[PDB]
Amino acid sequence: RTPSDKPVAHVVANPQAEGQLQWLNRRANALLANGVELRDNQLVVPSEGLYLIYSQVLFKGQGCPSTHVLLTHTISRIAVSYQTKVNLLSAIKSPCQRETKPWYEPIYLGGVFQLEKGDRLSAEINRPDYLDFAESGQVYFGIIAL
């Protein structure tokens, strides 16, 4: 019947953005609906409430170097009333333990959070050079109002 009025977003990484994790909505199977905006690479919350927040990144390397590789993926919240950047969800992986075959490290982050109107959300990594885009659906960021 009547379509959903729930604020939602599902944005995907730009495979040809050099040295960055750039989010896009103008792609097949990506979206912004019911007031969610994508501004300065951040998802902007249109109304207060409970939201599921999620992101996936996929890292890939060919063997292990001598300099220690640390991979991080973090979802942050910038609340309009506080004007502060706070981690909501974060993970750190060390793909190489003993040093030198291609390795793969997916990092999926998800949770339920109380958000405020105007909050800004970012999903970031430290190593965009290790991102893999072999297939579609491997690198994404989204929110769903409950």
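Here, rigid core means the biggest group of C-alpha atoms that superpose within 1.5 Å across both forms. One rule holds for the numbers: they count along the sequence shown, beginning at 1.
Superposing each structure in 6 other deposited structures of this protein on the rigid core shows that the farther-lying of 9-17 and 132-140, by root-mean-square Cα distance, is 132-140.
Greater C-alpha displacement in 6 other deposited structures of this protein (rigid core superposition, RMS over structures and residues), of 18-26 versus 120-128: 18-26. Coverage remark for residue 39: present in the model in all other entries compared whose chains are built on both sides, leaving no third without it. In at least a third of the other compared PDB entries of this protein that cover both flanking sides, residue 99 is left without coordinates. Missing coordinates between residue 100 and residue 101 amount to 4 to 9 residues of the deposited sequence. Of the two segments examined, 13-21 and 131-139, it is 13-21 that shows the higher average Cα temperature factor in the deposited entry. When the two stretches 75-83 and 108-116 are set side by side, the higher mean Cα temperature factor goes to 75-83.
In the PDB entry, the Cα temperature factor peaks, among 90, 55, 66, 41, at 66. In this PDB entry, the Cα temperature factor of residue 121 sits in the bottom third of its chain's modelled residues, the lowest group. For residue 62, the recorded CA B-factor ranks within the highest third of the chain. Only modelled residues enter the ranking. Split the chain's modelled residues into thirds by C-alpha temperature factor. Residue 50 is in the middle one. Among the modelled residues of the chain, residue 96 sits in the highest third by CA temperature factor in this PDB entry. Ranked against the other modelled residues of its chain, the C-alpha B-factor of residue 70 as given in the entry falls in the highest third.
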